[PDB]
Amino acid sequence: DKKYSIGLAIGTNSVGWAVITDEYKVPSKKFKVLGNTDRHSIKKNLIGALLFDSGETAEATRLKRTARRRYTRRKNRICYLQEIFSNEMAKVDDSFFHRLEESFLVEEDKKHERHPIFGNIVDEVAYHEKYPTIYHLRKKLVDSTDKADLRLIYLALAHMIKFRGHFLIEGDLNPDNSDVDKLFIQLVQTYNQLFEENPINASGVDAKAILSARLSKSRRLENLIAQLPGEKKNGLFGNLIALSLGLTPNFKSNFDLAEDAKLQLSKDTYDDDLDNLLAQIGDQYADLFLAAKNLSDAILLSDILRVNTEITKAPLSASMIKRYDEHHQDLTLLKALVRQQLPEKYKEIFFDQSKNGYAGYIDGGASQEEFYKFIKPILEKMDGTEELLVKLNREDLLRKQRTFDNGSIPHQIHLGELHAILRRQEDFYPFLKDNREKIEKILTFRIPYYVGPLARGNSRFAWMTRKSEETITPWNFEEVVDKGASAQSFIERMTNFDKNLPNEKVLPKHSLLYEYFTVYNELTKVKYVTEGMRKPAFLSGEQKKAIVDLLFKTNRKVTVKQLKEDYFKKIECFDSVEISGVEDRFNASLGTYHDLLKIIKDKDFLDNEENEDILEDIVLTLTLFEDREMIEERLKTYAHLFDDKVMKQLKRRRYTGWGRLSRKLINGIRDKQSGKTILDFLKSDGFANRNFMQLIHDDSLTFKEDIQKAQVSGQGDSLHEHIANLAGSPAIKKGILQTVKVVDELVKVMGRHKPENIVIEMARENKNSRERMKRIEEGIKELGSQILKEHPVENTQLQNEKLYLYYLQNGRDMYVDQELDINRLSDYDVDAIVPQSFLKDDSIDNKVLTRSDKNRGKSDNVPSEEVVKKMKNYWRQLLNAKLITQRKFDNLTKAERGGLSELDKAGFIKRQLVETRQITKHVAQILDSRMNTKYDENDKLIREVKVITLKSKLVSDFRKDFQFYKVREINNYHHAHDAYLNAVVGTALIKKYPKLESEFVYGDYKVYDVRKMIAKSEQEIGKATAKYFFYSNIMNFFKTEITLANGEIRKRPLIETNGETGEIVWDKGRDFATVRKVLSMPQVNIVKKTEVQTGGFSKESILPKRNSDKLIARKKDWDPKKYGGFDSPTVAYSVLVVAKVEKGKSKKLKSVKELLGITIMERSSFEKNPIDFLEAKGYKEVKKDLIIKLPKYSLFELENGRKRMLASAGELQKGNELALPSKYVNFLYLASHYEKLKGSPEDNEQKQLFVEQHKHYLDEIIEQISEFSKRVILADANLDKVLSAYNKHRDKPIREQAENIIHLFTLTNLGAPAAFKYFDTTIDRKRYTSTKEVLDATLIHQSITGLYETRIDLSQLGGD
RNA sequence: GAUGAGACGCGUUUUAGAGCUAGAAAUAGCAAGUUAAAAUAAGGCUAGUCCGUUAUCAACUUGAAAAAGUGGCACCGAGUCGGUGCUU
DNA sequence: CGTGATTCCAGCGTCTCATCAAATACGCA
DNA sequence: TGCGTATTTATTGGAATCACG
């Protein structure tokens, strides 16, 4: 019971735990079993694993929330449009909007005429005959000057507002500029007139078809550059073309500018950057930029609308009418040609909705792509369809007006069409003339991203602040929403608070206070020595002020030489001085001060300390906002101190990034006794010159005490809140929370005794043959070799490591100039550049293909320096072709030096011991805080529980070297097994090397890993001395013998004990047997975490009308039998009810008991009042006490070990684990991994001999699977088919049969049934669609660890 | 990458879009086919251009809810955990 | 007439704007 | 040379359908 340890394995879908003792034994304890059964106690081994679904992200929820908000706002836009038209529409037709709102209802449910637009059959038919589409009506309203019906005008405006296009372009977009040729020629002429010394020729360049083609952006750019003579990708006119296409070039090096100001047109106003540029370059660029703007508009418009704008003022309605006319003509031609040539297929094409024909393209679910793919061979087979096929090649055959590619239409086109309609119709309807502005605002209004939801303090996503409390509308939005405050909260609601003080916002990165603090902190520790003086001394306040004034303020960058010369000789009159504490140049620089001096040109204003806070606000404004107008609005407060030109210059400048410390730290806190802030202490601290870290960690000052006292707010908050603040995927956070709860429960298990040690290992989350072939080809081409031409090779064939190295090594040995043969791969060997006794490097950087074994020349160290000198030129040739990396080249060439130094072994042990990931560090912090809570009275932490972080590499090497193989397809026990091994390794490490604690164990322990660890070239005595081991390997003490290089083996003592304390750490004669017995234990606490299902109500797909009760109504008044609806609801949790239901026409009461599925939609109604919900469902006289809530994955034990996990009200899942013997697992791993098994060739031969001599294990495993299936699975057909398939392929090789058996293990796996394959036979899944059996089984409530159980006998809870 | 916020195109259903000719009707033949309104998780109250799909979740005793509490040891073994003895 | 046994199937693309953080690869005092 | 910094980042119910004897 005393001195136990806990090992854990954290994963995205599993958390394995194992409690071990000092002797590496897993205890077994009697746990009391609660409930109403005859069982009172059970025996449980303290090892197991918790299984749960992956933690989903909120991305889908966020997208659905945005979709809901957008739908609500679109409906509100339609409501506003109806509000504008309410009185006039009521004058014309009072029920028009009512018919529009009830158009969805069937004729029976309609309270008005079934025709929405006109209310009568004749007028509706006339409208649809005159206007086949809405675009015909839109074009008619745009062009015709006759008075139009109000209903048609409203319909056009509603279509425009409801579908208004994107807002990716700022400013107006005139649709007339559609002729690409004329505008391109004009831009070419302007460019030639600008740079007359560097003209270009545009003759024979039809840019319209080049840029308007349905091709890639970069492809079209390259084609246009190639077409233009003397034009390149980076050419200035090419830069203008890229700007039109969507790039952001500049004109710095183009013989004009001295800085790198950039201008872009697709974003922002663009009317201020252009003016600023023209202020420098005059009016020369005005015509060129006008032509560039025209071409940029034309490039978009030509692809958006091909129709010329001279004919009509609505180029989008005209384009859609052209689409309709082409569709009609092509449809008639296709009908005629098909009826003429292929009449038989005509019946299918135009009537079979199930096929991807025209009927399936229009009335069916087939899309444009599917329709084209189906009808292209038919068109090619026929004759006279050449034009139709040409149209199909351009994806312009039988097109619809509402297609998937209408997302490139900007809102400017719809706005222009709406404006044209309002201009035409304002003369007849005065209210249209009055509300034209309101309608345009409705169409063009878009909530700024920095404003967010327009809530009123009842939402957890909103941050908007209101100047006044009133209903927000587009017409008064700027009059209500505080845009500046909204953007300030938008930026600051997600920025990090100060590390020391959590209640204060952090300062901007480029704030003057931050830069001054950094400069003073850096100058605090600077020391200077002169020849005359004896001892180095710090800089005084006056000296630092003079240095800042003369160096940091005069020049942006300050160097050590500049400090020595420009100040000490000019002011201090010191000819020579040696300065320590700064190298090359200072890291801190007053760049913001220089920028402000350049902008405002006011030395006094910047130097004045009174104006400093105003600057702290100005820089905060510049960092906070990026919109020019709101930046000007925020700077209006300080606009009374600077001129309009200075204000504009400040507006144009931008800053990004945030600092790490707040003003409350730098100057917000003052020492009680001295009355000085951190900055004040940095300015003058006597001669000690304490830096920021010393100031915040000084007992003589109240800084640390005040920081801690203000840090108690939020200190030790809820565990869930702390885990949520961590950085990582939500699944990993769920795993961390489950691990912490498992640790707490395990501590509860052991009598409230904290474990001596805790070990953790978080598995890292998250074709290549073609990449390897590409790399080899690039290297060969760069080096100029032609070995690839001599010997053909394939991408996949390079997957073999030996052949991959062979092609990388120029078909030669890496150490010997002799050639190599592909046929003799077995005759060749793979050797590690750094020996296995020095590093566990299994990558290509370490593996090398060598024919011989003694050709290295040096066994202990890196191969002999003579071979290195011989192969240096060839290795350099390989490096120049990028066939190898630089680090492996250095490792190979280290034979030039004396050998592998202690730095290499220190790096190796650092690599092998600790993980660089910070998520494991945060998990260790959480565990240490929750376990080590006692505080020593000496201001120290009582580290009574050690938290160790181990890499998966160590456990994997342990398994692959000591034959503790794992197979993930057998069962989930491997999870727990890994945890156990982790614990063992961790304990076996910390007992073996107590002086490396700070390497792995979480804590502020002393650090020494260079001299005290690595010994001299003394294998026999180096380990015996204070040095741990000459070899850098961490787990070499586990093995009995260690192979040094190739061919020679050294021997270690059979019992490994600590050198200093003398404690026995590893008994190789007993510990291995204990580990084998632990891994062979059949009883492992595998727990599937029961979860109430959350998410969507049902399938989002809306099914058509159907006379079935499985459909879910989309709305309260919409009967699914007439309007369709959703189906396939998701059950959050089942409910076991014991009640009676009326049966027969006599309504006799009969006792019943069954599981009722409570869906996500009905969860709230059931939880509000279960009795009424059950009565509505049909049950009568429900017993509330016997109502049992069963979440998903609820465990039931029926009989003879059969365990079923509840998955729904009408389906179960397999809930048993197959405790396959470890011998079978090892045999399967060896046989399946017949190749690439790694290790010495003798070991590989021994493993192959074992596999060949234990072929009967295949039949034994088949019999085991059959027995387990008959005992638990009870899948007769699947088991019979598996047996037949196994008997059919008994003559297949051992590796294939082993892999097929691994696949066959899917039948008996835990969880939902799944289909698998045995060679070519495909076995499906037997689904247990009956939940009537679990009503008489034994329900099991399992705790998180599963040791604490409660068995409820459901047979007792029966009405009979 | 995670979290947020603004938008866009669709997609899907019901109805409108008269299908016509002949044929007792069934049914044949021919015609048309592009579009539109409504909804897009049921809905809730706080009534907002708000919120409704993330996370949390053995059971029992509590505690509104958070949260808390609720369960001999050792030994031999082992087909999913059993027995042996002590305490209990 | 349940009773298995079989089959099909499941909303989805495109932009903008932040913020943070760890991950990875140098910088540096 | 560790702290510090500059950019980059198919599954499993459900429903229907199909023998089906």
# chains A, B, ... in the order shown; residues from 1 in each chain; ligands from 1
>>> interface_residues(of="chain A", to="chain C", cutoff="8 Å", atoms="only C-alpha atoms (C1' of nucleotides)", output="PDB file with C-alpha atoms, in the first residue's frame")
ATOM      1  CA  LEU A 168     -14.997  42.164 -51.394  1.00  0.00           C
ATOM      2  CA  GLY A 407     -20.256  34.184 -56.074  1.00  0.00           C
ATOM      3  CA  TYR A 449     -16.354  42.826 -38.425  1.00  0.00           C
ATOM      4  CA  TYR A 450     -15.081  44.819 -35.433  1.00  0.00           C
ATOM      5  CA  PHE A 490     -12.834  43.814 -30.555  1.00  0.00           C
ATOM      6  CA  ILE A 491      -9.040  44.087 -30.462  1.00  0.00           C
ATOM      7  CA  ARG A 493     -11.102  41.211 -25.854  1.00  0.00           C
ATOM      8  CA  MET A 494      -8.599  38.691 -27.239  1.00  0.00           C
ATOM      9  CA  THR A 495      -5.204  40.197 -26.339  1.00  0.00           C
ATOM     10  CA  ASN A 496      -3.257  38.664 -23.468  1.00  0.00           C
ATOM     11  CA  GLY A 581      27.020  43.452 -21.232  1.00  0.00           C
ATOM     12  CA  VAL A 582      26.291  44.224 -24.899  1.00  0.00           C
ATOM     13  CA  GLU A 583      27.603  42.547 -28.052  1.00  0.00           C
ATOM     14  CA  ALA A 727      -3.106  25.832 -25.960  1.00  0.00           C
ATOM     15  CA  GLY A 728      -4.026  22.792 -28.017  1.00  0.00           C
ATOM     16  CA  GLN A 918       4.858  22.575 -24.018  1.00  0.00           C
ATOM     17  CA  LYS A1099     -29.982  14.873 -40.291  1.00  0.00           C
ATOM     18  CA  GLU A1100     -29.941  18.307 -41.915  1.00  0.00           C
ATOM     19  CA  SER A1101     -31.081  16.889 -45.267  1.00  0.00           C
TER      20      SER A1101
END
>>> interface_residues(of="chain D", to="chain A", cutoff="10 Å", atoms="only C-alpha atoms (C1' of nucleotides)", output="number ranges by chain")
D: 11-15
>>> write_last_selection(atoms="C-alpha atoms (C1' of nucleotides)", output="PDB file, in the first residue's frame")
ATOM      1  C1'  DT D  11     -18.616   5.987 -38.792  1.00  0.00           C
ATOM      2  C1'  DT D  12     -22.463   4.700 -37.072  1.00  0.00           C
ATOM      3  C1'  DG D  13     -27.304   4.813 -36.373  1.00  0.00           C
ATOM      4  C1'  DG D  14     -31.500   5.182 -39.075  1.00  0.00           C
ATOM      5  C1'  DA D  15     -34.592   4.437 -42.299  1.00  0.00           C
TER       6       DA D  15
END
>>> closest_residue(among="B:45, B:58, B:24, B:30", to="chain A", atoms="only C-alpha atoms (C1' of nucleotides)")
B:58
>>> select_by_dssp(residues="range 923-1062 of chain A", states="helix (DSSP H, G or I)", output="ChimeraX atom specification")
/A:923-931,952-961,973-992,994-1000,1019-1022
>>> residues_around(residues="range 222-227 of chain A", least_positions_apart="3", cutoff="8 Å", atoms="only C-alpha atoms (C1' of nucleotides)", output="list in words")
residues 205, 207, 210, 211, 218, 219, 231, 232, 233 and 238 of chain A
>>> write_last_selection(atoms="C-alpha atoms", output="CSV table (one decimal), in the first residue's frame")
chain,number,residue,atom,x,y,z
A,205,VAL,CA,-1.9,41.0,-77.8
A,207,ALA,CA,-5.6,40.4,-73.5
A,210,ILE,CA,-6.1,35.7,-72.2
A,211,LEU,CA,-7.4,37.1,-68.9
A,218,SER,CA,-1.0,32.6,-62.1
A,219,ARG,CA,-1.4,30.7,-65.4
A,231,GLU,CA,7.4,41.7,-70.5
A,232,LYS,CA,8.5,39.6,-67.6
A,233,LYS,CA,6.9,38.4,-64.4
A,238,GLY,CA,3.7,43.2,-65.2
>>> interface_residues(of="chain B", to="chain A", cutoff="10 Å", atoms="only C-alpha atoms (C1' of nucleotides)", output="PyMOL selection string")
chain B and resi 1-18+33-43+46+48-60+71-73+78-82
>>> atom_distance(atom1="CA of residue 954 in chain A", atom2="CA of residue 1005 in chain A")
22.7 Å
